[PDB]
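> This is the content of entry-v1.txt (compact mmCIF, C-alpha atoms and all ligand atoms):
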```txt
# COMPACT_ATOMS: atom_id res chain seq x y z
CA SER A 2 -9.35 -175.01 -26.19
CA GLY A 3 -6.60 -173.50 -28.37
CA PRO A 4 -7.24 -171.04 -31.19
CA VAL A 5 -10.60 -170.80 -32.82
CA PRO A 6 -10.54 -172.08 -36.49
CA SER A 7 -11.03 -169.74 -39.46
CA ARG A 8 -11.52 -170.03 -43.24
CA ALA A 9 -11.58 -167.62 -46.21
CA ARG A 10 -14.96 -165.95 -46.94
CA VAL A 11 -14.34 -166.34 -50.73
CA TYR A 12 -12.76 -169.11 -52.91
CA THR A 13 -12.76 -171.32 -49.83
CA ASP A 14 -12.92 -174.67 -51.61
CA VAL A 15 -11.27 -173.92 -54.99
CA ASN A 16 -8.38 -176.28 -54.36
CA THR A 17 -10.58 -178.91 -52.62
CA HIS A 18 -12.61 -179.40 -55.86
CA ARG A 19 -9.55 -179.67 -58.07
CA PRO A 20 -7.34 -182.61 -58.84
CA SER A 21 -4.14 -183.21 -56.99
CA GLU A 22 -2.16 -182.32 -60.16
CA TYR A 23 -3.13 -178.64 -59.67
CA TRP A 24 -1.99 -178.09 -56.09
CA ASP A 25 0.46 -180.93 -55.35
CA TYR A 26 3.62 -179.08 -56.29
CA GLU A 27 5.95 -181.77 -54.79
CA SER A 28 4.77 -184.29 -57.47
CA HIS A 29 5.10 -181.72 -60.30
CA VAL A 30 7.59 -182.62 -63.08
CA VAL A 31 9.86 -179.74 -64.03
CA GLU A 32 11.31 -179.72 -67.55
CA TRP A 33 14.45 -177.54 -67.81
CA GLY A 34 15.36 -175.66 -70.97
CA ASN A 35 18.71 -174.67 -72.38
CA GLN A 36 20.16 -171.48 -70.81
CA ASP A 37 22.30 -170.98 -74.06
CA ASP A 38 19.21 -169.33 -75.68
CA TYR A 39 19.73 -166.43 -73.18
CA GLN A 40 22.51 -163.86 -72.86
CA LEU A 41 22.69 -161.99 -69.52
CA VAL A 42 22.83 -158.15 -69.91
CA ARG A 43 22.84 -156.61 -66.38
CA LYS A 44 21.87 -157.18 -62.71
CA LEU A 45 18.43 -155.70 -61.79
CA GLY A 46 18.55 -156.62 -58.07
CA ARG A 47 19.25 -159.18 -55.33
CA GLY A 48 16.84 -161.02 -53.00
CA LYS A 49 17.43 -163.47 -50.10
CA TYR A 50 17.85 -166.54 -52.35
CA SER A 51 17.70 -164.97 -55.89
CA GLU A 52 19.65 -162.67 -58.30
CA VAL A 53 17.51 -160.98 -60.99
CA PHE A 54 19.04 -160.13 -64.43
CA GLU A 55 17.92 -158.43 -67.62
CA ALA A 56 18.73 -160.76 -70.51
CA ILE A 57 18.41 -161.27 -74.27
CA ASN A 58 16.71 -164.22 -75.83
CA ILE A 59 19.20 -164.62 -78.79
CA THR A 60 16.78 -166.86 -80.82
CA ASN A 61 14.39 -163.83 -81.40
CA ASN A 62 16.42 -160.73 -80.14
CA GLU A 63 13.80 -160.16 -77.36
CA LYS A 64 14.38 -158.88 -73.88
CA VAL A 65 13.61 -161.16 -70.89
CA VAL A 66 14.12 -161.21 -67.13
CA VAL A 67 16.13 -164.11 -65.64
CA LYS A 68 15.79 -164.90 -61.90
CA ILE A 69 18.74 -167.10 -60.79
CA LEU A 70 17.70 -169.07 -57.66
CA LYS A 71 20.18 -170.06 -54.85
CA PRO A 72 18.87 -173.71 -54.63
CA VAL A 73 18.55 -173.55 -50.83
CA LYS A 74 15.35 -175.71 -50.71
CA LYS A 75 14.10 -177.75 -53.72
CA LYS A 76 10.43 -178.07 -52.48
CA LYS A 77 10.17 -174.20 -52.43
CA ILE A 78 11.46 -173.85 -56.04
CA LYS A 79 8.95 -176.51 -57.15
CA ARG A 80 6.16 -174.59 -55.37
CA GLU A 81 7.02 -171.29 -57.12
CA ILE A 82 7.33 -173.01 -60.56
CA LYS A 83 3.94 -174.74 -60.12
CA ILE A 84 2.14 -171.56 -59.00
CA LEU A 85 3.65 -169.56 -61.81
CA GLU A 86 2.60 -172.12 -64.36
CA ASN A 87 -0.84 -172.23 -62.81
CA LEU A 88 -1.21 -168.46 -62.95
CA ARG A 89 0.40 -167.92 -66.32
CA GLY A 90 -1.75 -165.53 -68.34
CA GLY A 91 -3.66 -164.02 -65.45
CA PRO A 92 -4.23 -160.27 -65.49
CA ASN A 93 -1.14 -158.29 -64.27
CA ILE A 94 0.73 -161.45 -63.22
CA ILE A 95 4.35 -161.79 -64.31
CA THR A 96 4.52 -164.36 -67.17
CA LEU A 97 6.89 -167.19 -66.68
CA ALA A 98 8.24 -167.84 -70.11
CA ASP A 99 10.86 -170.60 -69.56
CA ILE A 100 12.66 -172.63 -66.85
CA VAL A 101 16.35 -173.21 -67.46
CA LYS A 102 19.46 -174.63 -65.76
CA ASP A 103 23.05 -173.59 -66.11
CA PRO A 104 24.55 -176.61 -68.01
CA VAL A 105 27.75 -176.31 -65.88
CA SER A 106 26.78 -174.87 -62.39
CA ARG A 107 23.34 -176.74 -62.54
CA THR A 108 21.71 -173.69 -60.71
CA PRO A 109 17.94 -173.27 -61.50
CA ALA A 110 16.77 -170.10 -63.31
CA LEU A 111 13.31 -168.76 -64.12
CA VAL A 112 12.83 -166.74 -67.29
CA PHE A 113 10.04 -164.13 -67.44
CA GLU A 114 8.58 -161.57 -69.85
CA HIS A 115 10.46 -158.31 -69.59
CA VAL A 116 8.99 -155.45 -67.65
CA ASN A 117 10.40 -151.98 -68.13
CA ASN A 118 10.17 -150.72 -64.57
CA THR A 119 10.15 -146.96 -63.89
CA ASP A 120 11.92 -145.96 -60.54
CA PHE A 121 9.85 -146.16 -57.25
CA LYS A 122 11.92 -143.28 -55.72
CA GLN A 123 11.10 -141.15 -58.84
CA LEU A 124 7.45 -142.45 -59.32
CA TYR A 125 6.31 -140.30 -56.31
CA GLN A 126 5.34 -136.51 -56.09
CA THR A 127 4.44 -136.70 -59.86
CA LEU A 128 1.76 -139.45 -59.32
CA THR A 129 -1.76 -138.02 -58.96
CA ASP A 130 -4.85 -139.20 -57.05
CA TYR A 131 -6.09 -140.77 -60.37
CA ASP A 132 -2.81 -142.73 -60.97
CA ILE A 133 -3.03 -144.21 -57.43
CA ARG A 134 -6.63 -145.31 -58.07
CA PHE A 135 -5.58 -146.75 -61.47
CA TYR A 136 -2.60 -148.81 -60.23
CA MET A 137 -4.36 -149.99 -57.03
CA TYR A 138 -7.16 -151.40 -59.31
CA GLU A 139 -4.52 -153.17 -61.55
CA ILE A 140 -3.05 -154.84 -58.37
CA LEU A 141 -6.58 -155.86 -57.27
CA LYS A 142 -7.12 -157.58 -60.69
CA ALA A 143 -3.95 -159.59 -60.01
CA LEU A 144 -5.08 -160.47 -56.44
CA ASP A 145 -8.70 -161.37 -57.28
CA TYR A 146 -7.34 -163.57 -60.02
CA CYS A 147 -4.69 -165.44 -57.97
CA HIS A 148 -7.10 -165.83 -55.01
CA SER A 149 -9.74 -167.26 -57.47
CA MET A 150 -7.01 -169.77 -58.46
CA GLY A 151 -6.59 -170.79 -54.77
CA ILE A 152 -3.27 -168.99 -54.27
CA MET A 153 -2.27 -166.38 -51.75
CA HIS A 154 0.79 -164.26 -52.72
CA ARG A 155 1.91 -163.58 -49.08
CA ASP A 156 4.59 -161.03 -50.10
CA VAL A 157 2.60 -158.05 -51.39
CA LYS A 158 4.80 -154.87 -51.13
CA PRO A 159 6.04 -152.04 -53.50
CA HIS A 160 9.24 -153.98 -54.40
CA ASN A 161 7.05 -156.82 -55.80
CA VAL A 162 4.93 -154.49 -58.00
CA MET A 163 6.56 -153.54 -61.35
CA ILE A 164 5.19 -150.60 -63.26
CA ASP A 165 5.96 -149.39 -66.77
CA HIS A 166 4.34 -145.98 -66.40
CA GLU A 167 4.86 -144.95 -70.08
CA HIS A 168 2.73 -147.95 -71.17
CA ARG A 169 0.57 -147.95 -67.93
CA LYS A 170 1.56 -151.61 -67.38
CA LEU A 171 1.62 -153.30 -63.96
CA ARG A 172 2.94 -156.76 -63.00
CA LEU A 173 2.77 -158.47 -59.62
CA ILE A 174 6.12 -160.36 -59.25
CA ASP A 175 8.09 -162.67 -56.87
CA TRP A 176 5.79 -165.61 -56.20
CA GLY A 177 8.60 -167.28 -54.16
CA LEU A 178 6.54 -167.04 -50.93
CA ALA A 179 3.16 -167.83 -52.59
CA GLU A 180 1.11 -170.79 -51.35
CA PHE A 181 -2.00 -172.87 -52.15
CA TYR A 182 -4.90 -172.04 -49.86
CA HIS A 183 -6.53 -175.16 -48.21
CA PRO A 184 -9.23 -174.44 -45.61
CA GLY A 185 -8.19 -175.30 -42.03
CA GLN A 186 -4.49 -175.53 -42.96
CA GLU A 187 -1.99 -173.95 -40.51
CA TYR A 188 0.63 -171.93 -42.35
CA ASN A 189 4.07 -170.60 -41.39
CA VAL A 190 3.75 -166.98 -40.12
CA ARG A 191 7.38 -166.14 -41.21
CA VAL A 192 6.17 -164.72 -44.56
CA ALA A 193 5.74 -161.20 -46.05
CA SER A 194 8.19 -158.34 -45.34
CA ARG A 195 8.00 -156.78 -41.78
CA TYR A 196 6.17 -153.55 -42.69
CA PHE A 197 3.53 -155.45 -44.68
CA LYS A 198 2.89 -158.23 -42.16
CA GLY A 199 -0.73 -158.64 -41.15
CA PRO A 200 -1.77 -158.77 -37.49
CA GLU A 201 -2.53 -162.56 -37.90
CA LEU A 202 1.21 -163.13 -38.56
CA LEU A 203 2.46 -160.94 -35.70
CA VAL A 204 0.15 -162.67 -33.11
CA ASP A 205 1.10 -166.15 -34.56
CA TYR A 206 -2.43 -167.02 -35.87
CA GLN A 207 -1.52 -169.78 -38.37
CA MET A 208 -4.95 -170.40 -39.95
CA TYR A 209 -4.78 -167.31 -42.24
CA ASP A 210 -6.08 -166.91 -45.85
CA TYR A 211 -6.11 -164.56 -48.99
CA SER A 212 -7.13 -161.70 -46.63
CA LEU A 213 -3.47 -161.46 -45.57
CA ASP A 214 -2.74 -159.97 -49.08
CA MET A 215 -5.55 -157.45 -48.44
CA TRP A 216 -3.76 -156.17 -45.27
CA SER A 217 -0.50 -155.79 -47.28
CA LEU A 218 -2.35 -153.89 -49.99
CA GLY A 219 -3.81 -151.51 -47.35
CA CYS A 220 -0.24 -150.76 -46.04
CA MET A 221 0.87 -149.89 -49.63
CA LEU A 222 -2.21 -147.70 -50.17
CA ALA A 223 -1.67 -145.89 -46.82
CA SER A 224 1.98 -145.18 -47.65
CA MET A 225 1.01 -143.89 -51.08
CA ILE A 226 -1.88 -141.56 -50.16
CA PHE A 227 -0.24 -140.26 -46.95
CA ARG A 228 3.33 -140.08 -48.41
CA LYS A 229 4.64 -142.00 -45.36
CA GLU A 230 6.96 -144.94 -46.32
CA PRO A 231 6.53 -147.37 -44.66
CA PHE A 232 3.20 -146.58 -43.02
CA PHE A 233 3.75 -148.97 -40.05
CA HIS A 234 7.44 -148.66 -39.26
CA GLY A 235 8.27 -151.47 -36.86
CA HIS A 236 11.92 -152.16 -35.91
CA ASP A 237 11.15 -155.88 -35.27
CA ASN A 238 8.12 -158.27 -35.52
CA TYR A 239 6.93 -157.47 -31.96
CA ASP A 240 7.37 -153.70 -32.46
CA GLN A 241 5.50 -154.01 -35.78
CA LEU A 242 2.27 -154.94 -33.86
CA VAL A 243 2.84 -151.94 -31.52
CA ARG A 244 3.09 -149.57 -34.56
CA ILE A 245 -0.23 -150.97 -35.83
CA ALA A 246 -1.77 -150.62 -32.34
CA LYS A 247 -0.68 -146.90 -32.24
CA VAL A 248 -3.07 -146.35 -35.22
CA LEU A 249 -5.82 -148.95 -34.85
CA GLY A 250 -5.89 -148.87 -31.02
CA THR A 251 -5.46 -151.63 -28.40
CA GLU A 252 -9.26 -152.06 -27.75
CA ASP A 253 -9.93 -153.62 -31.22
CA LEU A 254 -6.69 -155.62 -30.86
CA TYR A 255 -8.07 -157.31 -27.71
CA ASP A 256 -11.45 -157.84 -29.45
CA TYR A 257 -9.57 -159.63 -32.29
CA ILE A 258 -7.43 -161.94 -30.12
CA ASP A 259 -10.53 -162.80 -27.92
CA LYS A 260 -12.63 -163.68 -31.00
CA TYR A 261 -10.03 -166.22 -32.19
CA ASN A 262 -8.87 -167.25 -28.72
CA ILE A 263 -5.29 -166.25 -29.60
CA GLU A 264 -2.64 -166.52 -26.86
CA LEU A 265 -0.62 -163.25 -27.01
CA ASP A 266 3.15 -163.80 -26.68
CA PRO A 267 4.67 -162.70 -23.29
CA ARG A 268 7.06 -160.38 -25.25
CA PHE A 269 4.06 -158.07 -25.91
CA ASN A 270 3.41 -157.49 -22.14
CA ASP A 271 5.84 -154.59 -21.55
CA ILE A 272 5.72 -153.03 -25.08
CA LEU A 273 2.05 -152.99 -26.17
CA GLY A 274 0.71 -150.31 -23.80
CA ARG A 275 -2.69 -148.69 -24.36
CA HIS A 276 -3.60 -146.71 -27.43
CA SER A 277 -6.73 -144.95 -28.62
CA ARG A 278 -8.11 -145.67 -32.10
CA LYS A 279 -6.87 -142.85 -34.39
CA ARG A 280 -9.05 -141.10 -37.05
CA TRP A 281 -7.62 -141.57 -40.63
CA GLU A 282 -7.87 -137.73 -41.19
CA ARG A 283 -4.99 -137.39 -38.56
CA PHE A 284 -2.50 -138.46 -41.32
CA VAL A 285 -3.64 -135.78 -43.83
CA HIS A 286 -0.99 -132.99 -44.17
CA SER A 287 -0.08 -130.29 -46.80
CA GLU A 288 2.28 -132.69 -48.60
CA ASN A 289 -0.39 -135.37 -49.16
CA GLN A 290 -3.87 -133.63 -49.17
CA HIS A 291 -4.05 -133.65 -53.01
CA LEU A 292 -4.00 -137.57 -52.79
CA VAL A 293 -6.54 -137.99 -49.95
CA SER A 294 -10.37 -137.97 -50.28
CA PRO A 295 -13.30 -139.26 -48.11
CA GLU A 296 -13.56 -142.29 -50.56
CA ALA A 297 -9.83 -143.19 -50.16
CA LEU A 298 -10.20 -142.96 -46.31
CA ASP A 299 -13.36 -145.16 -46.31
CA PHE A 300 -11.57 -147.74 -48.56
CA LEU A 301 -8.41 -147.80 -46.36
CA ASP A 302 -10.49 -148.21 -43.20
CA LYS A 303 -12.11 -151.33 -44.82
CA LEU A 304 -8.67 -152.91 -45.61
CA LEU A 305 -6.69 -152.04 -42.45
CA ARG A 306 -8.76 -154.04 -39.90
CA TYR A 307 -7.28 -156.44 -37.32
CA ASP A 308 -9.97 -159.00 -38.12
CA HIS A 309 -8.85 -160.78 -41.28
CA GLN A 310 -12.49 -161.91 -41.88
CA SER A 311 -13.81 -158.26 -41.70
CA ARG A 312 -11.36 -156.98 -44.42
CA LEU A 313 -12.68 -156.43 -47.99
CA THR A 314 -11.97 -159.31 -50.39
CA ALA A 315 -10.24 -158.26 -53.67
CA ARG A 316 -13.64 -158.43 -55.54
CA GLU A 317 -15.52 -156.32 -52.92
CA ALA A 318 -12.61 -153.83 -53.04
CA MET A 319 -12.92 -153.44 -56.86
CA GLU A 320 -16.64 -152.45 -56.32
CA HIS A 321 -15.71 -149.68 -53.81
CA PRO A 322 -16.62 -146.01 -54.71
CA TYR A 323 -12.85 -145.21 -54.66
CA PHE A 324 -12.70 -146.94 -58.09
CA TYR A 325 -15.80 -145.31 -59.79
CA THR A 326 -13.43 -143.00 -61.77
CA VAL A 327 -11.45 -145.98 -63.13
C1 LIG B 1 14.14 -154.16 -59.44
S1 LIG B 1 12.52 -154.79 -59.68
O1 LIG B 1 12.59 -156.21 -59.64
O2 LIG B 1 11.97 -154.16 -60.84
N1 LIG B 1 11.62 -154.32 -58.42
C2 LIG B 1 11.37 -152.91 -58.12
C3 LIG B 1 9.89 -152.64 -58.00
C4 LIG B 1 9.60 -151.16 -57.94
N2 LIG B 1 8.32 -150.86 -57.32
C5 LIG B 1 7.61 -149.78 -58.01
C6 LIG B 1 6.30 -149.38 -57.38
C7 LIG B 1 5.44 -150.33 -56.83
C8 LIG B 1 4.18 -149.97 -56.39
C9 LIG B 1 3.74 -148.65 -56.46
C10 LIG B 1 2.34 -148.34 -56.04
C11 LIG B 1 1.43 -147.76 -56.93
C12 LIG B 1 0.12 -147.52 -56.55
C13 LIG B 1 -0.32 -147.87 -55.28
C14 LIG B 1 0.57 -148.45 -54.39
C15 LIG B 1 1.89 -148.67 -54.76
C16 LIG B 1 4.63 -147.70 -56.97
CL1 LIG B 1 4.23 -146.02 -56.96
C17 LIG B 1 5.88 -148.06 -57.43
```
Could you write out this structure as structure tokens?
Ligand SMILES: CS(=O)(=O)NCCCNCc1ccc(-c2ccccc2)c(Cl)c1

Amino acid sequence: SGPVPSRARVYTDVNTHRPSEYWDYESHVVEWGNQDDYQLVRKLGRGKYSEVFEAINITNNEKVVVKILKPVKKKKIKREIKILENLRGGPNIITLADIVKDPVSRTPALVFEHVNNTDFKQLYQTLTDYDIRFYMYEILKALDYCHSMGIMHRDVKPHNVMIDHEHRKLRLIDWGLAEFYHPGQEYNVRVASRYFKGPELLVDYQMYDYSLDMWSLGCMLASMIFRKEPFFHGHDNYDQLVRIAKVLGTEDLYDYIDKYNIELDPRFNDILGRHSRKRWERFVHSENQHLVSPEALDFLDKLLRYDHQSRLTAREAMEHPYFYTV
């Protein structure tokens, strides 16, 4: 038979009921601006096919962020531009302000609202249980919103979450891997960053949905409340599944792959082994006990499930008792 088909439990047909103009990014008409309105200040980082810079919009003396894209694949740039335009104004979503080209080098660049990020390697051991609840809820607002718009982010991780702690401002960034969800579509599993990859990706189950972002969110929450970064520390994509199996156990892994009739890659034969299901309390230690609670453990247990259909949706997650104090 092949693998059993699957579809999202929420926002299943949002793109189906919309015109082609919304989701057909290949037909989208991009109108470039003039990069002369912007003066580059400093480098903020470097990605696989992008260099991010802090800049000045000289026409109003306002700070902006400029992402210069290595134009490796045109279809992918068009996809990101369309999704960004589509999501513009959503809660906690980076705002694409302009799209410009270097008049001379002709390289594409995306211009965004400036976010004053506070350091990730400093924003730790000062953060409280309340702060973790607060920021997790702000990320869920972003996720429920983009999922409601028929988009899955597919690269949820701490590097893609910008926080201005002084102003308690959060922005979900880097929509370069984002995609339109269409029920029954088979997607490329070479998405997300290793530590944040959902079991569906590691077993090569192509018919995934929004729930993939919910696995990634669980990995970020686990690393935050247990002070273990990353939580699942795989050295490769095959080893990544083994690290998950050391926590969730091999019994539920076999239940998952049987339910979807997934063929497990021969490379897992000699590395998977047998593992018991671990209790979440096993990860509580003196360094992290002030951040852990029965509510946090119950919430995590509902996100970190092999079965992508059994994971909380972003809206069910926002209703969880872990967020009653927010
Ligand atoms: C250089 S750049 O483009 O600004 N990127 C760099 C991003 C820096 N990340 C900052 C970050 C992201 C997430 C969380 C987090 C908060 C609550 C729950 C889970 C995670 C924290 Cl503490 C810090």
> Which residues, written as a list in words, have at least one atom at most 10 Å from residue 198 (chain A), with all atoms listed in the file counted and residues fewer than 3 positions away on the same chain left out?
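Near neighbours after the sequence-gap exclusion: residues 155, 156, 157, 158, 190, 191, 192, 193, 194, 195, 201, 202, 203, 213, 214, 216, 217, 220, 233, 238, 241 and 242 of chain A.
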> Please produce a file of those selected residues containing C-alpha atoms, as an mmCIF file, keeping the file's coordinate frame.

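Listed below is the output, part.cif:
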```cif
data_model
loop_
_atom_site.group_PDB
_atom_site.id
_atom_site.type_symbol
_atom_site.label_atom_id
_atom_site.label_comp_id
_atom_site.auth_asym_id
_atom_site.auth_seq_id
_atom_site.Cartn_x
_atom_site.Cartn_y
_atom_site.Cartn_z
ATOM 1 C CA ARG A 155 1.910 -163.580 -49.080
ATOM 2 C CA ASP A 156 4.590 -161.030 -50.100
ATOM 3 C CA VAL A 157 2.600 -158.050 -51.390
ATOM 4 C CA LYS A 158 4.800 -154.870 -51.130
ATOM 5 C CA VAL A 190 3.750 -166.980 -40.120
ATOM 6 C CA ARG A 191 7.380 -166.140 -41.210
ATOM 7 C CA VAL A 192 6.170 -164.720 -44.560
ATOM 8 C CA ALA A 193 5.740 -161.200 -46.050
ATOM 9 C CA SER A 194 8.190 -158.340 -45.340
ATOM 10 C CA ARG A 195 8.000 -156.780 -41.780
ATOM 11 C CA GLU A 201 -2.530 -162.560 -37.900
ATOM 12 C CA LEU A 202 1.210 -163.130 -38.560
ATOM 13 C CA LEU A 203 2.460 -160.940 -35.700
ATOM 14 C CA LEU A 213 -3.470 -161.460 -45.570
ATOM 15 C CA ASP A 214 -2.740 -159.970 -49.080
ATOM 16 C CA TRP A 216 -3.760 -156.170 -45.270
ATOM 17 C CA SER A 217 -0.500 -155.790 -47.280
ATOM 18 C CA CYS A 220 -0.240 -150.760 -46.040
ATOM 19 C CA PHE A 233 3.750 -148.970 -40.050
ATOM 20 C CA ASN A 238 8.120 -158.270 -35.520
ATOM 21 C CA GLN A 241 5.500 -154.010 -35.780
ATOM 22 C CA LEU A 242 2.270 -154.940 -33.860
#
```
> List every protein, DNA or RNA residue with an atom no more than 12 Å from (6.8, -163.3, -72.9) in the file's coordinates, counting only C-alpha atoms, and format the result as a list in words.
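Nearby residues: residues 57, 58, 61, 63, 64, 65, 66, 67, 89, 90, 94, 95, 96, 97, 98, 99, 112, 113, 114, 115 and 116 of chain A.
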> What is the CA of residue 175 (chain A) to CA of residue 103 (chain A) distance in Å?
20.7 Å
> Mind giving me the straight-line distance from CA of residue 149 (chain A) to CA of residue 15 (chain A) in Å, one decimal?
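Atom-to-atom, CA of residue 149 (chain A) and CA of residue 15 (chain A) are spaced 7.3 Å apart.
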> Would you mind reading off the distance between CA of residue 252 (chain A) and CA of residue 307 (chain A), one decimal, in Å?
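A separation of 10.7 Å between them.
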> A:162, A:84, A:258, A:73: which is nearest ligand LIG 1 (chain B), counting all atoms listed in the file?
A:162
> How would you report the residues lying within 8 Å of ligand LIG 1 (chain B), as a PyMOL selection string, if you count all atoms listed in the file?
chain A and resi 45-46+53+116-122+124-125+128+132-137+158-164+174+218+221-222+224-225
> Could those selected residues go to a file with C-alpha atoms, as a CSV table (one decimal), keeping the file's coordinate frame?

```csv
chain,number,residue,atom,x,y,z
A,45,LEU,CA,18.4,-155.7,-61.8
A,46,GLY,CA,18.6,-156.6,-58.1
A,53,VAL,CA,17.5,-161.0,-61.0
A,116,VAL,CA,9.0,-155.4,-67.6
A,117,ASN,CA,10.4,-152.0,-68.1
A,118,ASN,CA,10.2,-150.7,-64.6
A,119,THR,CA,10.2,-147.0,-63.9
A,120,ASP,CA,11.9,-146.0,-60.5
A,121,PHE,CA,9.8,-146.2,-57.2
A,122,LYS,CA,11.9,-143.3,-55.7
A,124,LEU,CA,7.4,-142.4,-59.3
A,125,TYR,CA,6.3,-140.3,-56.3
A,128,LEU,CA,1.8,-139.4,-59.3
A,132,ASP,CA,-2.8,-142.7,-61.0
A,133,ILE,CA,-3.0,-144.2,-57.4
A,134,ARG,CA,-6.6,-145.3,-58.1
A,135,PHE,CA,-5.6,-146.8,-61.5
A,136,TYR,CA,-2.6,-148.8,-60.2
A,137,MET,CA,-4.4,-150.0,-57.0
A,158,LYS,CA,4.8,-154.9,-51.1
A,159,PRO,CA,6.0,-152.0,-53.5
A,160,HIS,CA,9.2,-154.0,-54.4
A,161,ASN,CA,7.0,-156.8,-55.8
A,162,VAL,CA,4.9,-154.5,-58.0
A,163,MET,CA,6.6,-153.5,-61.4
A,164,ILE,CA,5.2,-150.6,-63.3
A,174,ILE,CA,6.1,-160.4,-59.2
A,218,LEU,CA,-2.4,-153.9,-50.0
A,221,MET,CA,0.9,-149.9,-49.6
A,222,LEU,CA,-2.2,-147.7,-50.2
A,224,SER,CA,2.0,-145.2,-47.6
A,225,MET,CA,1.0,-143.9,-51.1
```
> Give me, as a VMD selection string, all polymer residues having an atom no more than 12 Å from residue 47 (chain A), counting only C-alpha atoms and skipping those fewer than 3 positions away in the same chain.
chain A and resid 43 to 44 50 to 54 67 to 71 160 175
> Distance table requested - region 135-229 of chain A against region 246-251 of chain A, cut-off 12 Å, all atoms listed in the file: one row per qualifying residue with the closest atom pair and its distance in Å to one decimal, ordered by chain and rising residue number, as JSON lines.

```
{"residue": "A:199", "atom": "CA", "partner": "A:246", "partner_atom": "CA", "distance": 12.0}
{"residue": "A:200", "atom": "CA", "partner": "A:246", "partner_atom": "CA", "distance": 9.6}
{"residue": "A:203", "atom": "CA", "partner": "A:246", "partner_atom": "CA", "distance": 11.6}
{"residue": "A:223", "atom": "CA", "partner": "A:248", "partner_atom": "CA", "distance": 11.7}
```
> With only C-alpha atoms as the atoms that count, which of A:130, A:81, A:256, A:180 lies nearest to residue 211 (chain A)?
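Among the listed residues, A:180 lies closest to residue 211 (chain A).
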> Select, from A:259, A:139, A:305, A:111, the residue with the minimum atom-to-atom distance to residue 85 (chain A), counting only C-alpha atoms.
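Residue with the minimum atom-to-atom distance to residue 85 (chain A): A:111.
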> Per residue of region 137-238 of chain A within 10 Å of region 318-323 of chain A, what are the shortest atom pair and its distance in Å to one decimal, counting all atoms listed in the file, with rows by chain and residue number, as a Markdown table?

```
| residue | atom | partner | partner_atom | distance |
| --- | --- | --- | --- | --- |
| A:137 | CA | A:319 | CA | 9.2 |
| A:138 | CA | A:319 | CA | 6.6 |
| A:139 | CA | A:319 | CA | 9.6 |
| A:141 | CA | A:319 | CA | 6.8 |
| A:142 | CA | A:319 | CA | 8.1 |
| A:145 | CA | A:319 | CA | 9.0 |
| A:215 | CA | A:318 | CA | 9.2 |
```
> Can I get the selection written as a PDB file, in the coordinates of the input, with C-alpha atoms?

```pdb
ATOM      1  CA  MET A 137      -4.360-149.990 -57.030  1.00  0.00           C
ATOM      2  CA  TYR A 138      -7.160-151.400 -59.310  1.00  0.00           C
ATOM      3  CA  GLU A 139      -4.520-153.170 -61.550  1.00  0.00           C
ATOM      4  CA  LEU A 141      -6.580-155.860 -57.270  1.00  0.00           C
ATOM      5  CA  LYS A 142      -7.120-157.580 -60.690  1.00  0.00           C
ATOM      6  CA  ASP A 145      -8.700-161.370 -57.280  1.00  0.00           C
ATOM      7  CA  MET A 215      -5.550-157.450 -48.440  1.00  0.00           C
TER       8      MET A 215
END
```
> Complete region 172-179 of chain A with N, CA, C and O atoms (output as a PDB file, keeping the file's coordinate frame).

```
ATOM      1  N   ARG A 172       2.727-155.342 -63.207  1.00  0.00           N
ATOM      2  CA  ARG A 172       2.940-156.760 -63.000  1.00  0.00           C
ATOM      3  C   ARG A 172       3.264-157.046 -61.550  1.00  0.00           C
ATOM      4  O   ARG A 172       4.103-156.374 -60.961  1.00  0.00           O
ATOM      5  N   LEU A 173       2.528-158.011 -60.960  1.00  0.00           N
ATOM      6  CA  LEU A 173       2.770-158.470 -59.620  1.00  0.00           C
ATOM      7  C   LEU A 173       3.852-159.573 -59.788  1.00  0.00           C
ATOM      8  O   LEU A 173       3.646-160.533 -60.528  1.00  0.00           O
ATOM      9  N   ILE A 174       4.990-159.424 -59.113  1.00  0.00           N
ATOM     10  CA  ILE A 174       6.120-160.360 -59.250  1.00  0.00           C
ATOM     11  C   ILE A 174       6.461-161.060 -57.943  1.00  0.00           C
ATOM     12  O   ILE A 174       5.812-160.841 -56.912  1.00  0.00           O
ATOM     13  N   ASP A 175       7.519-161.915 -58.002  1.00  0.00           N
ATOM     14  CA  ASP A 175       8.090-162.670 -56.870  1.00  0.00           C
ATOM     15  C   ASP A 175       7.070-163.481 -56.086  1.00  0.00           C
ATOM     16  O   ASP A 175       6.717-163.157 -54.953  1.00  0.00           O
ATOM     17  N   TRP A 176       6.738-164.607 -56.671  1.00  0.00           N
ATOM     18  CA  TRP A 176       5.790-165.610 -56.200  1.00  0.00           C
ATOM     19  C   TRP A 176       6.524-166.709 -55.409  1.00  0.00           C
ATOM     20  O   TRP A 176       5.962-167.757 -55.163  1.00  0.00           O
ATOM     21  N   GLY A 177       7.754-166.416 -54.976  1.00  0.00           N
ATOM     22  CA  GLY A 177       8.600-167.280 -54.160  1.00  0.00           C
ATOM     23  C   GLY A 177       8.022-167.643 -52.795  1.00  0.00           C
ATOM     24  O   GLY A 177       8.394-168.678 -52.232  1.00  0.00           O
ATOM     25  N   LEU A 178       7.162-166.770 -52.228  1.00  0.00           N
ATOM     26  CA  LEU A 178       6.540-167.040 -50.930  1.00  0.00           C
ATOM     27  C   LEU A 178       5.091-167.501 -51.089  1.00  0.00           C
ATOM     28  O   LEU A 178       4.446-167.808 -50.093  1.00  0.00           O
ATOM     29  N   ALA A 179       4.563-167.483 -52.332  1.00  0.00           N
ATOM     30  CA  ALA A 179       3.160-167.830 -52.590  1.00  0.00           C
ATOM     31  C   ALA A 179       2.814-169.253 -52.145  1.00  0.00           C
ATOM     32  O   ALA A 179       3.690-170.148 -52.120  1.00  0.00           O
TER      33      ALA A 179
END
```
